[PDB]
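Asks: Following this message is one structure expressed as structure tokens.
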Amino acid sequence: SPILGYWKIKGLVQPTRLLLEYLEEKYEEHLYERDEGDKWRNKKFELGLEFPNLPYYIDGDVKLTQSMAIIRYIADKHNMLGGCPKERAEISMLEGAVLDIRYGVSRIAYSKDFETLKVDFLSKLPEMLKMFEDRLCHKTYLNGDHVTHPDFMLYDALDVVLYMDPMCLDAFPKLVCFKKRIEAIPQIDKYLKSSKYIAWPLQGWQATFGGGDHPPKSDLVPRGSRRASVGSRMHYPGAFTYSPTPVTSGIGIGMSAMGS
């Protein structure tokens with residue numbers, strides 16, 4: 001029996017949590033919360049662990065660690081890494097291209113001036129989110145018709161990003177389909193819906209972003225609300241508060257100029 005260890009947070013072990021789920025895998029995690037920081041420390045080394053750390057994993061003869069060596073290992077056991085050095089290069093490139101955003105936040109997330117480094121991260125994100133959108137043209141998952149580990153990596157990355165700016169995906173309807181498609185997976189459909197699911201925090205309870213015991217909206221910040229309007233409150237079952245509008249006023253119609 002494998003025992004995945006980590007904190008009771010999304011962190012680095014979330015996507016491996018989504019792969020185990022998706023592969024109907026048997027495992028029992030060793031969750032650690034803020035309180036028991038002393039728990040993991042009087043145990044850390046009594047694990048016969050080569051390179052002590054979190055997330056960890058024990059398959060019996062395999063006392064392994066390192067955040068991403070596990071997810072790949074698990075992805076190895078089932079022939080998911082790659083068949084040839086050619087495509088094994090793709091998965092690692094999708095992997096790494098995902099880690100640029102996953103890590104993008106997890107460097108700026110615990111900083112003092114996250115609020116400022118926040119604007120500059122979202123500035124490169126819409127350029128990164130095109131590399132993944134573009135790649136989905138005629139593709140269920142990043143690598144086509146089958147699922148790969150960097151899929152729960154993109155899902156996780158996409159999930160998190162949607163907390164910084166819940167608008168940074170609109171221009172990307174193919175990435176939103178992608179997310180909605182992973183969630184539409186039974187094994188992933190009955191995990192995000194179980195107790196196992198760890199919906200918070202995003203990083204660590206000590207993270208300026210994705211931190212805390214609760215996920216309220218509280219802070220965050222808009223901008224385009226300092227100008228005119230494009231809202232409407234007519235049959236728009238929203239959720240946030242970005243009042244939509246109508247497509248035109250009926251049909252094409254052209255011409256026109258407006259007035260004020």
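Those letters in the sequence shown? Residues 1 to 260, per the deposited numbering, in order. Backbone N, C-alpha and C define an ideal beta-carbon position, used for all residues, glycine too.
Starting from the Cα of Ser229, find the closest Cα among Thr241, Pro166, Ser194, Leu125 and give me that residue.
Replies: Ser229 has its Cα closest to that of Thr241, out of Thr241, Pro166, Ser194, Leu125.
Asks: Would you call the CB atoms of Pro55 and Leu4 closer than 8 Å?
Replies: Yes, Cβ-Cβ distance for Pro55 and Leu4 is below 8 Å.
Asks: Can you tell me the Cβ-Cβ gap for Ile9 and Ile198, rounded? I've got them flagged as a contact below 8 Å.
Replies: Contact flag correct, Cβ pair sits at about 6 Å.
Asks: Given a cut-off of 8 Å, decide if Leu19 and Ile101 are closer than it, judged by their beta-carbon atoms.
Replies: Contact flag unset, no.
Asks: Find the nearest neighbour of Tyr110 within the set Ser249, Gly254, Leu202, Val13, judged by alpha-carbon distance.
Replies: The shortest Cα separation from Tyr110 among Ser249, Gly254, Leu202, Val13 belongs to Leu202.
Asks: Closest to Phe178 by C-alpha separation, out of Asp159, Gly210, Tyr141, would be which residue?
Replies: For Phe178, the nearest C-alpha among the options comes from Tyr141.
Asks: Within the same chain, show all residues whose beta-carbon is closer than 7 Å to that of residue 262, passing over the 5 residues directly before and after it, in chain order.
Replies: What is shown of the chain runs 1 to 260, which leaves residue 262 out entirely.
Asks: Does the distance from the C-beta atom of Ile188 to that of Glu21 stay below 8 Å?
Replies: The answer is yes: Cβ separation under 8 Å.
Asks: To test your reading of the DSSP string, which unbroken alpha helix (DSSP H) runs of 4 or more residues are found completely within the region 169 to 255?
Replies: Listed in chain order, they are 175 to 182, 186 to 189.
Asks: According to DSSP, simplified to helix, strand and coil, what is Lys77?
Replies: Correct three-state label for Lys77: helix.
Asks: Cβ of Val98 within 8 Å of Cβ of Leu154?
Replies: Yes.
Asks: Across which residues does DSSP place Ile58 in a beta bridge pair?
Replies: Answer is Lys63, bridged to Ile58.
Asks: Go ahead and label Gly96 buried or exposed: buried means 16 or more other beta carbons lie within 10 angstroms of its beta carbon, across all protein chains shown.
Replies: The residue in question, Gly96, is exposed, as its Cβ has fewer than 16 Cβ neighbours within 10 Å.
Asks: Less than 8 Å between the C-beta atoms of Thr65 and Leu81, yes or no?
Replies: No; because the gap between Cβ atoms is not below 8 Å, this pair is not in contact.
Asks: Straight-line CA distance for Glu87 to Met93?
Replies: When rounded, the distance between both Cα atoms is 9 Å.
Asks: Please classify residue 266 as buried or exposed, where buried requires at least 16 other C-beta atoms within 10 Å of its C-beta.
Replies: The requested residue 266 is not part of the displayed model; the chain covers only 1 to 260.
Asks: What does the alpha-carbon distance come out to for the pair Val105 and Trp40?
Replies: About 25 Å.
Asks: So, with DSSP's three-state summary, where would you put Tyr110?
Replies: Coil.
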